[PDB]
Every structure is written in structure tokens, then in C-alpha cells.
file input_30.cif (mmCIF, C-alpha atoms (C1' of nucleotides))
data_protein
#
loop_
_atom_site.group_PDB
_atom_site.id
_atom_site.type_symbol
_atom_site.label_atom_id
_atom_site.label_comp_id
_atom_site.auth_asym_id
_atom_site.auth_seq_id
_atom_site.Cartn_x
_atom_site.Cartn_y
_atom_site.Cartn_z
ATOM 1 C CA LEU J 150 -36.347 -48.818 -33.920
ATOM 2 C CA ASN J 151 -36.597 -45.062 -34.120
ATOM 3 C CA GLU J 152 -39.976 -45.021 -32.371
ATOM 4 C CA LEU J 153 -38.577 -47.490 -29.835
ATOM 5 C CA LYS J 154 -35.607 -45.217 -29.135
ATOM 6 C CA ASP J 155 -37.929 -42.247 -28.717
ATOM 7 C CA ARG J 156 -40.086 -44.243 -26.305
ATOM 8 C CA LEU J 157 -37.069 -45.310 -24.240
ATOM 9 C CA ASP J 158 -35.283 -41.952 -24.184
ATOM 10 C CA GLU J 159 -38.377 -40.352 -22.652
ATOM 11 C CA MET J 160 -37.980 -42.652 -19.640
ATOM 12 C CA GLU J 161 -35.760 -42.009 -16.621
ATOM 13 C CA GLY J 162 -32.624 -43.992 -15.853
ATOM 14 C CA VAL J 163 -32.752 -46.480 -18.741
ATOM 15 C CA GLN J 164 -29.829 -46.637 -21.168
ATOM 16 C CA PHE J 165 -30.381 -47.581 -24.813
ATOM 17 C CA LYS J 166 -27.523 -48.543 -27.120
ATOM 18 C CA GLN J 167 -27.426 -49.442 -30.813
ATOM 19 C CA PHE J 168 -24.436 -51.277 -32.278
ATOM 20 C CA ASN J 169 -23.076 -50.675 -35.775
ATOM 21 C CA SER J 170 -20.983 -53.860 -35.512
ATOM 22 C CA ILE J 171 -21.395 -57.233 -33.866
ATOM 23 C CA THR J 172 -17.930 -56.968 -32.285
ATOM 24 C CA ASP J 173 -18.863 -54.051 -30.049
ATOM 25 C CA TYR J 174 -21.975 -55.991 -29.240
ATOM 26 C CA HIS J 175 -20.028 -59.047 -28.266
ATOM 27 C CA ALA J 176 -17.725 -56.905 -26.165
ATOM 28 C CA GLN J 177 -20.598 -55.432 -24.159
ATOM 29 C CA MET J 178 -22.002 -58.894 -23.754
ATOM 30 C CA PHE J 179 -18.782 -60.302 -22.444
ATOM 31 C CA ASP J 180 -18.268 -57.351 -20.052
ATOM 32 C CA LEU J 181 -21.708 -58.029 -18.603
ATOM 33 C CA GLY J 182 -21.105 -61.680 -18.109
ATOM 34 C CA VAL J 183 -23.289 -62.995 -20.856
ATOM 35 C CA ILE J 184 -20.655 -64.957 -22.769
ATOM 36 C CA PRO J 185 -17.923 -67.207 -21.354
ATOM 37 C CA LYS J 186 -15.303 -66.184 -23.875
ATOM 38 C CA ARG J 187 -14.267 -62.767 -25.280
ATOM 39 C CA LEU J 188 -15.038 -63.063 -28.985
ATOM 40 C CA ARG J 189 -12.453 -60.642 -30.286
ATOM 41 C CA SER J 190 -11.753 -62.368 -33.615
ATOM 42 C CA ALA J 191 -13.857 -63.882 -36.322
ATOM 43 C CA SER J 192 -12.341 -67.256 -35.618
ATOM 44 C CA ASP J 193 -13.381 -66.998 -32.014
ATOM 45 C CA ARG J 194 -16.912 -66.298 -33.077
ATOM 46 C CA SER J 195 -16.757 -69.352 -35.335
ATOM 47 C CA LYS J 196 -15.710 -71.509 -32.442
ATOM 48 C CA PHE J 197 -18.554 -70.260 -30.320
ATOM 49 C CA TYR J 198 -21.031 -70.934 -33.051
ATOM 50 C "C1'" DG F 1 4.611 -59.248 -4.387
ATOM 51 C "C1'" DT F 2 0.528 -57.225 -5.954
ATOM 52 C "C1'" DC F 3 -1.942 -53.732 -7.811
ATOM 53 C "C1'" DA F 4 -2.163 -49.521 -9.880
ATOM 54 C "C1'" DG F 5 -0.732 -46.536 -12.943
ATOM 55 C "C1'" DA F 6 1.022 -45.537 -17.410
ATOM 56 C "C1'" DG F 7 1.654 -46.469 -21.689
ATOM 57 C "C1'" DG F 8 1.449 -48.992 -25.607
ATOM 58 C "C1'" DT F 9 -0.382 -51.837 -28.681
ATOM 59 C "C1'" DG F 10 -3.658 -53.673 -31.396
ATOM 60 C "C1'" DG F 11 -7.981 -54.186 -33.227
ATOM 61 C "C1'" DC F 12 -12.006 -52.555 -35.185
ATOM 62 C "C1'" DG F 13 -14.774 -49.294 -36.752
ATOM 63 C "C1'" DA F 14 -15.605 -44.851 -38.790
ATOM 64 C "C1'" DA F 15 -14.708 -41.094 -41.527
ATOM 65 C "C1'" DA F 16 -12.378 -38.607 -44.541
ATOM 66 C "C1'" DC F 17 -9.754 -37.747 -48.050
ATOM 67 C "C1'" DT D 1 -6.477 -46.747 -48.025
ATOM 68 C "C1'" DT D 2 -5.103 -44.490 -44.248
ATOM 69 C "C1'" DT D 3 -5.710 -42.362 -40.441
ATOM 70 C "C1'" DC D 4 -7.569 -41.645 -36.204
ATOM 71 C "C1'" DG D 5 -9.843 -42.563 -32.172
ATOM 72 C "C1'" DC D 6 -11.405 -45.348 -28.913
ATOM 73 C "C1'" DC D 7 -11.397 -49.136 -26.047
ATOM 74 C "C1'" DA D 8 -9.430 -52.879 -23.587
ATOM 75 C "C1'" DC D 9 -6.068 -55.382 -21.974
ATOM 76 C "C1'" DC D 10 -1.564 -56.528 -21.228
ATOM 77 C "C1'" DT D 11 2.659 -55.399 -20.372
ATOM 78 C "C1'" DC D 12 6.172 -52.825 -17.529
ATOM 79 C "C1'" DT D 13 7.558 -50.200 -13.778
ATOM 80 C "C1'" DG D 14 6.545 -47.712 -9.783
ATOM 81 C "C1'" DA D 15 4.353 -47.580 -5.110
ATOM 82 C "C1'" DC D 16 2.215 -49.352 -1.332
#

call {"tool": "encode", "arguments": {"input": "input_30.cif", "output": "C-alpha cells"}}
result
Amino acid sequence: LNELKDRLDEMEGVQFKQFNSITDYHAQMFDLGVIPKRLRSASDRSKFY
DNA sequence: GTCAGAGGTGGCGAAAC
DNA sequence: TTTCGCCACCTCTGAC
């Protein structure tokens, strides 16, 4: 990961992000149109699964 | 009436105490 | 454990 981040940061225009929680991850996914539903709660995530 | 602004609320995560 | 901040959306009221 750390070497990967170094490799990416040296490039131009690419954005790298690391998530400390799955929720933030899910949020970015939803915002980008990757998921149909916004998985705010645990229960939601359960449903999806 | 719709959309934007404004604010609030709520959730989750982070940090500190 | 609380607080704080951030983020997102929804609610509420103004403006177009």
C-alpha cells in the first residue's frame, strides 16, 4: 500500500484515497453510481449482501 | 412551484480527554 | 464516553 501510494502520488492528475471505514467507502461508491442503494446503516448493508 | 439557500440534524468516525 | 467535525441530505423558507 505505502509503495503503491508513493507510486500514484508521483503521477499527475490521479487521485488516491484510503478509507478507514467501509461506510465512507460505500458512500463514495454510491455517489459515483456504483451501488443502487445508499448503504447508510448496517441493516442496509445486510440487505445488499 | 421549484430550486436554492440555509440550517439542522444525524450519523459515523476520530480523537481526546 | 463525549465531543467534535464533517458530510449529506432533508427539511423549511426565501427567491426567482

call {"tool": "interface_residues", "arguments": {"input": "input_30.cif", "of": "chain D", "to": "chain J", "cutoff": "12 Å", "atoms": "all atoms listed in the file", "output": "count of residues only"}}
result
4

call {"tool": "atom_distance", "arguments": {"input": "input_30.cif", "atom1": "atom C1' of residue F:9", "atom2": "atom CA of residue J:190"}}
result
16.3 Å

call {"tool": "atom_distance", "arguments": {"input": "input_30.cif", "atom1": "atom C1' of residue D:10", "atom2": "atom CA of residue J:166"}}
result
27.8 Å

call {"tool": "closest_residue", "arguments": {"input": "input_30.cif", "among": "J:178, J:197, J:186, J:191", "to": "residue F:12", "atoms": "only C-alpha atoms (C1' of nucleotides)"}}
result
J:191

call {"tool": "interface_residues", "arguments": {"input": "input_30.cif", "of": "chain F", "to": "chain J", "cutoff": "10 Å", "atoms": "all atoms listed in the file", "output": "list in words"}}
result
residues 11, 12, 13 and 14 of chain F

call {"tool": "residues_around", "arguments": {"input": "input_30.cif", "residues": "residue J:184", "least_positions_apart": "2", "cutoff": "12 Å", "atoms": "only C-alpha atoms (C1' of nucleotides)", "output": "list in words"}}
result
residues 174, 175, 176, 177, 178, 179, 180, 181, 182, 186, 187, 188, 189, 193, 194, 197 and 198 of chain J

call {"tool": "atom_distance", "arguments": {"input": "input_30.cif", "atom1": "atom CA of residue J:171", "atom2": "atom CA of residue J:195"}}
result
13.1 Å

call {"tool": "residues_around", "arguments": {"input": "input_30.cif", "residues": "stretch 11-13 of chain D", "least_positions_apart": "6", "cutoff": "12 Å", "atoms": "only C-alpha atoms (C1' of nucleotides)", "output": "MDAnalysis selection string"}}
result
chainID F and resid 3:9

call {"tool": "residues_around", "arguments": {"input": "input_30.cif", "residues": "residue F:15", "least_positions_apart": "5", "cutoff": "12 Å", "atoms": "only C-alpha atoms (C1' of nucleotides)", "output": "PyMOL selection string"}}
result
chain D and resi 1-5

call {"tool": "decode", "arguments": {"input": "input_30.cif", "residues": "chain F", "atoms": "N, CA, C and O atoms (P, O5', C5', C4', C3', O3' and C1' of nucleotides)", "output": "compact mmCIF listing (two decimals), in the first residue's frame"}}
result
# COMPACT_ATOMS: atom_id res chain seq x y z
P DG F 1 -48.27 24.60 -6.82
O5' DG F 1 -47.09 23.77 -7.53
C5' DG F 1 -46.76 23.97 -8.90
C4' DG F 1 -45.30 24.44 -9.04
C3' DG F 1 -44.38 23.57 -8.18
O3' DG F 1 -43.17 23.26 -8.84
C1' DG F 1 -43.94 25.82 -7.81
P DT F 2 -42.68 21.75 -9.03
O5' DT F 2 -41.19 21.90 -9.62
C5' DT F 2 -40.83 22.90 -10.57
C4' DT F 2 -39.69 23.77 -10.01
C3' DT F 2 -38.64 22.89 -9.31
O3' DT F 2 -37.34 23.33 -9.60
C1' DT F 2 -39.27 24.65 -7.94
P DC F 3 -36.26 22.40 -10.34
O5' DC F 3 -34.91 23.16 -9.96
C5' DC F 3 -34.74 24.56 -10.15
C4' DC F 3 -34.27 25.26 -8.87
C3' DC F 3 -33.20 24.42 -8.13
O3' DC F 3 -32.17 25.23 -7.62
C1' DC F 3 -34.81 25.17 -6.66
P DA F 4 -30.63 24.95 -7.97
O5' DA F 4 -29.93 26.16 -7.19
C5' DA F 4 -30.42 27.50 -7.24
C4' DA F 4 -30.63 28.08 -5.83
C3' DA F 4 -29.50 27.57 -4.92
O3' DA F 4 -29.13 28.55 -3.98
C1' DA F 4 -31.53 27.15 -3.94
P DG F 5 -27.59 28.81 -3.68
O5' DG F 5 -27.59 29.95 -2.55
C5' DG F 5 -28.71 30.79 -2.30
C4' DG F 5 -29.43 30.39 -1.02
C3' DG F 5 -28.42 30.11 0.09
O3' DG F 5 -28.88 30.80 1.22
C1' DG F 5 -30.02 28.50 0.08
P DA F 6 -27.90 31.64 2.15
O5' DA F 6 -28.33 31.07 3.57
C5' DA F 6 -29.64 31.26 4.09
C4' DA F 6 -29.97 30.11 5.04
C3' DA F 6 -28.76 29.72 5.90
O3' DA F 6 -29.21 29.38 7.17
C1' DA F 6 -29.66 27.85 4.93
P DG F 7 -28.58 30.05 8.47
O5' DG F 7 -29.25 29.10 9.57
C5' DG F 7 -30.61 28.69 9.48
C4' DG F 7 -30.71 27.16 9.43
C3' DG F 7 -29.74 26.59 10.48
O3' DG F 7 -30.39 25.65 11.28
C1' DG F 7 -29.71 25.35 8.58
P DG F 8 -30.34 25.77 12.87
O5' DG F 8 -31.18 24.49 13.32
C5' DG F 8 -32.28 23.98 12.55
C4' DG F 8 -31.95 22.59 12.02
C3' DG F 8 -31.23 21.80 13.11
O3' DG F 8 -31.79 20.52 13.22
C1' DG F 8 -30.22 21.47 11.11
P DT F 9 -32.28 20.01 14.65
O5' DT F 9 -32.81 18.52 14.38
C5' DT F 9 -33.19 18.07 13.09
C4' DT F 9 -32.11 17.17 12.48
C3' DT F 9 -31.48 16.29 13.58
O3' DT F 9 -31.49 14.95 13.21
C1' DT F 9 -29.91 17.01 12.08
P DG F 10 -32.36 13.88 14.01
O5' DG F 10 -31.64 12.56 13.51
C5' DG F 10 -31.47 12.27 12.13
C4' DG F 10 -30.00 11.98 11.83
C3' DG F 10 -29.38 11.17 12.98
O3' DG F 10 -28.67 10.08 12.45
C1' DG F 10 -27.98 12.81 12.31
P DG F 11 -28.95 8.62 13.03
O5' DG F 11 -27.85 7.73 12.29
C5' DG F 11 -27.62 7.81 10.89
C4' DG F 11 -26.14 8.12 10.66
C3' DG F 11 -25.28 7.31 11.64
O3' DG F 11 -24.18 6.73 11.00
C1' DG F 11 -24.65 9.52 11.64
P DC F 12 -24.01 5.14 10.96
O5' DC F 12 -22.46 5.05 10.64
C5' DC F 12 -21.90 5.74 9.54
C4' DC F 12 -20.74 6.63 9.99
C3' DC F 12 -19.83 5.79 10.90
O3' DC F 12 -18.51 5.93 10.51
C1' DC F 12 -20.18 7.90 11.77
P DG F 13 -17.56 4.65 10.43
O5' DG F 13 -16.14 5.31 10.09
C5' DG F 13 -16.00 6.58 9.46
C4' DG F 13 -15.52 7.62 10.45
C3' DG F 13 -14.31 7.06 11.21
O3' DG F 13 -13.30 8.00 11.00
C1' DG F 13 -15.71 8.25 12.60
P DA F 14 -11.81 7.56 10.61
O5' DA F 14 -11.02 8.54 11.60
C5' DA F 14 -11.19 9.94 11.54
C4' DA F 14 -11.16 10.56 12.94
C3' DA F 14 -9.95 10.10 13.74
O3' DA F 14 -9.34 11.24 14.27
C1' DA F 14 -11.84 10.13 15.06
P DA F 15 -7.83 11.65 13.93
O5' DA F 15 -7.53 12.41 15.30
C5' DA F 15 -8.34 13.51 15.73
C4' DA F 15 -8.75 13.38 17.20
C3' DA F 15 -7.56 12.93 18.07
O3' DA F 15 -7.43 13.80 19.15
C1' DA F 15 -9.52 11.97 18.76
P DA F 16 -6.07 14.55 19.47
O5' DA F 16 -6.53 15.35 20.77
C5' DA F 16 -7.81 15.98 20.87
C4' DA F 16 -8.61 15.39 22.04
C3' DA F 16 -7.66 15.23 23.23
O3' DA F 16 -8.25 15.76 24.38
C1' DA F 16 -9.00 13.40 23.04
P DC F 17 -7.47 16.82 25.28
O5' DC F 17 -8.58 17.24 26.36
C5' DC F 17 -9.96 16.88 26.24
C4' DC F 17 -10.29 15.61 27.02
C3' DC F 17 -9.53 15.61 28.36
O3' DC F 17 -10.43 15.41 29.41
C1' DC F 17 -9.60 13.52 27.47
